[PDB]
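J.: Supplied structure: work-v3.pdb, PDB, C-alpha atoms.
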ATOM      1  CA  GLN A   1     -12.406  18.319  13.740
ATOM      2  CA  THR A   2     -10.277  15.495  15.139
ATOM      3  CA  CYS A   3      -8.037  17.121  17.747
ATOM      4  CA  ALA A   4      -9.089  14.845  20.609
ATOM      5  CA  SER A   5      -8.235  11.922  18.330
ATOM      6  CA  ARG A   6      -4.639  13.156  18.139
ATOM      7  CA  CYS A   7      -4.357  13.639  21.904
ATOM      8  CA  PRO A   8      -2.673  14.266  24.135
ATOM      9  CA  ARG A   9      -0.410  15.817  21.490
ATOM     10  CA  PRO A  10      -2.820  16.956  18.724
ATOM     11  CA  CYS A  11      -1.030  20.206  17.884
ATOM     12  CA  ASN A  12       2.517  21.540  18.220
ATOM     13  CA  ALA A  13       4.048  23.202  21.281
ATOM     14  CA  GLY A  14       2.646  26.544  22.392
ATOM     15  CA  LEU A  15      -0.948  25.836  21.398
ATOM     16  CA  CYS A  16      -3.703  24.066  23.332
ATOM     17  CA  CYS A  17      -6.683  21.951  22.279
ATOM     18  CA  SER A  18     -10.095  23.439  23.066
ATOM     19  CA  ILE A  19     -12.974  21.175  24.105
ATOM     20  CA  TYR A  20     -14.912  22.770  21.246
ATOM     21  CA  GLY A  21     -12.676  20.734  18.955
ATOM     22  CA  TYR A  22     -10.028  23.235  17.889
ATOM     23  CA  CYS A  23      -6.527  24.294  18.931
ATOM     24  CA  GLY A  24      -5.428  27.800  19.867
ATOM     25  CA  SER A  25      -4.032  29.772  22.796
ATOM     26  CA  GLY A  26      -4.941  31.963  25.752
ATOM     27  CA  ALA A  27      -7.770  31.017  28.100
ATOM     28  CA  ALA A  28     -10.313  30.640  25.297
ATOM     29  CA  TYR A  29      -8.401  27.599  24.048
ATOM     30  CA  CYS A  30      -5.997  26.946  26.925
ATOM     31  CA  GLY A  31      -8.301  27.808  29.811
ATOM     32  CA  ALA A  32      -9.344  25.811  32.866
ATOM     33  CA  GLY A  33     -12.219  23.698  31.586
ATOM     34  CA  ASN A  34     -12.120  25.065  28.044
ATOM     35  CA  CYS A  35      -9.231  22.822  26.991
ATOM     36  CA  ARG A  36      -9.426  19.191  25.875
ATOM     37  CA  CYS A  37      -5.657  18.687  25.780
ATOM     38  CA  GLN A  38      -2.385  20.522  26.403
ATOM     39  CA  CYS A  39      -3.663  22.013  29.657
ATOM     40  CA  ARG A  40      -0.796  20.945  31.916
ATOM     41  CA  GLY A  41       1.901  21.938  29.445
TER      42      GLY A  41
END
Output the structure of this file as structure tokens.
T.:
Amino acid sequence: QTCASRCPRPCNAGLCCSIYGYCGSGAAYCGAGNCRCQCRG
């Protein structure tokens, strides 16, 4: 709901922020274009 607001470190290590407005993993959340933050590492 406010991940982008807590960027570039909205969540902890291991998870990535999805443009949809939610953290997660894999490509769905940490994919090229489908990630708002935590895409580089």
J.: Residues near residue 15 of chain A, anyone? I mean within 6 Å using all atoms listed in the file, not counting same-chain ones fewer than 2 positions away, as a list in words.
T.: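 The neighbour list is residues 13, 24 and 25 of chain A.
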J.: Pick out the residues sitting within 10 Å of residue 8 of chain A, and hand them over as a PyMOL selection string; count only C-alpha atoms, and ignore anything fewer than 5 positions along from it in its own chain.
T.: chain A and resi 3+16-17+36-39
J.: Could you check which of A:2, A:14, A:20, A:26 is closest to residue 41 of chain A, using only C-alpha atoms?
T.: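 Going through A:2, A:14, A:20, A:26 one by one, the smallest distance to residue 41 of chain A is for A:14.
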J.: Expressed in Å to a single decimal, how great is the separation between atom CA of residue 10 of chain A and atom CA of residue 23 of chain A?
T.: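 A separation of 8.2 Å between them.
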J.: Which value, in Å to one decimal, gives the distance between atom CA of residue 30 of chain A and atom CA of residue 9 of chain A?
T.: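 Calculated distance between atom CA of residue 30 of chain A and atom CA of residue 9 of chain A is 13.6 Å.
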J.: Would you mind exporting segment 8-25 of chain A with N, CA and C atoms, as an mmCIF file, in the first residue's frame?
T.:
data_model
loop_
_atom_site.group_PDB
_atom_site.id
_atom_site.type_symbol
_atom_site.label_atom_id
_atom_site.label_comp_id
_atom_site.auth_asym_id
_atom_site.auth_seq_id
_atom_site.Cartn_x
_atom_site.Cartn_y
_atom_site.Cartn_z
ATOM 1 N N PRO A 8 14.377 3.374 -1.376
ATOM 2 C CA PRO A 8 14.490 2.143 -2.163
ATOM 3 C C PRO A 8 14.529 0.885 -1.297
ATOM 4 N N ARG A 9 14.440 1.065 0.019
ATOM 5 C CA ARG A 9 14.468 -0.061 0.946
ATOM 6 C C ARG A 9 13.146 -0.183 1.700
ATOM 7 N N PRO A 10 12.069 -0.579 1.001
ATOM 8 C CA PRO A 10 10.746 -0.734 1.610
ATOM 9 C C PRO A 10 10.646 -1.989 2.472
ATOM 10 N N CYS A 11 11.165 -3.098 1.957
ATOM 11 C CA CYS A 11 11.132 -4.365 2.678
ATOM 12 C C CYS A 11 12.538 -4.804 3.075
ATOM 13 N N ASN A 12 12.632 -5.968 3.709
ATOM 14 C CA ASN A 12 13.918 -6.502 4.143
ATOM 15 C C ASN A 12 14.698 -7.071 2.962
ATOM 16 N N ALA A 13 15.820 -7.719 3.256
ATOM 17 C CA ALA A 13 16.657 -8.310 2.219
ATOM 18 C C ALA A 13 16.093 -9.649 1.758
ATOM 19 N N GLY A 14 16.160 -9.896 0.454
ATOM 20 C CA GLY A 14 15.652 -11.140 -0.092
ATOM 21 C C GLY A 14 14.366 -10.948 -0.872
ATOM 22 N N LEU A 15 13.599 -9.928 -0.501
ATOM 23 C CA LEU A 15 12.338 -9.636 -1.171
ATOM 24 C C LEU A 15 12.467 -8.397 -2.053
ATOM 25 N N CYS A 16 11.573 -8.277 -3.030
ATOM 26 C CA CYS A 16 11.588 -7.140 -3.942
ATOM 27 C C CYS A 16 10.216 -6.479 -4.010
ATOM 28 N N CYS A 17 10.204 -5.177 -4.272
ATOM 29 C CA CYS A 17 8.957 -4.425 -4.363
ATOM 30 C C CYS A 17 8.392 -4.480 -5.779
ATOM 31 N N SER A 18 7.134 -4.893 -5.893
ATOM 32 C CA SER A 18 6.475 -4.989 -7.191
ATOM 33 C C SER A 18 5.726 -3.702 -7.516
ATOM 34 N N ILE A 19 5.842 -3.257 -8.765
ATOM 35 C CA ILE A 19 5.181 -2.036 -9.216
ATOM 36 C C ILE A 19 3.717 -1.999 -8.787
ATOM 37 N N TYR A 20 3.100 -3.172 -8.699
ATOM 38 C CA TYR A 20 1.702 -3.271 -8.297
ATOM 39 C C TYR A 20 1.483 -2.649 -6.919
ATOM 40 N N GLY A 21 2.557 -2.549 -6.140
ATOM 41 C CA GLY A 21 2.458 -1.975 -4.812
ATOM 42 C C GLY A 21 2.515 -3.027 -3.724
ATOM 43 N N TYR A 22 3.369 -4.027 -3.915
ATOM 44 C CA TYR A 22 3.514 -5.103 -2.940
ATOM 45 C C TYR A 22 4.849 -5.820 -3.111
ATOM 46 N N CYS A 23 5.445 -6.223 -1.994
ATOM 47 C CA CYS A 23 6.724 -6.923 -2.018
ATOM 48 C C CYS A 23 6.534 -8.387 -2.404
ATOM 49 N N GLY A 24 7.637 -9.127 -2.462
ATOM 50 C CA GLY A 24 7.567 -10.532 -2.818
ATOM 51 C C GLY A 24 8.902 -11.080 -3.285
ATOM 52 N N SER A 25 8.857 -12.008 -4.236
ATOM 53 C CA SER A 25 10.071 -12.615 -4.769
ATOM 54 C C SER A 25 9.858 -13.094 -6.202
#
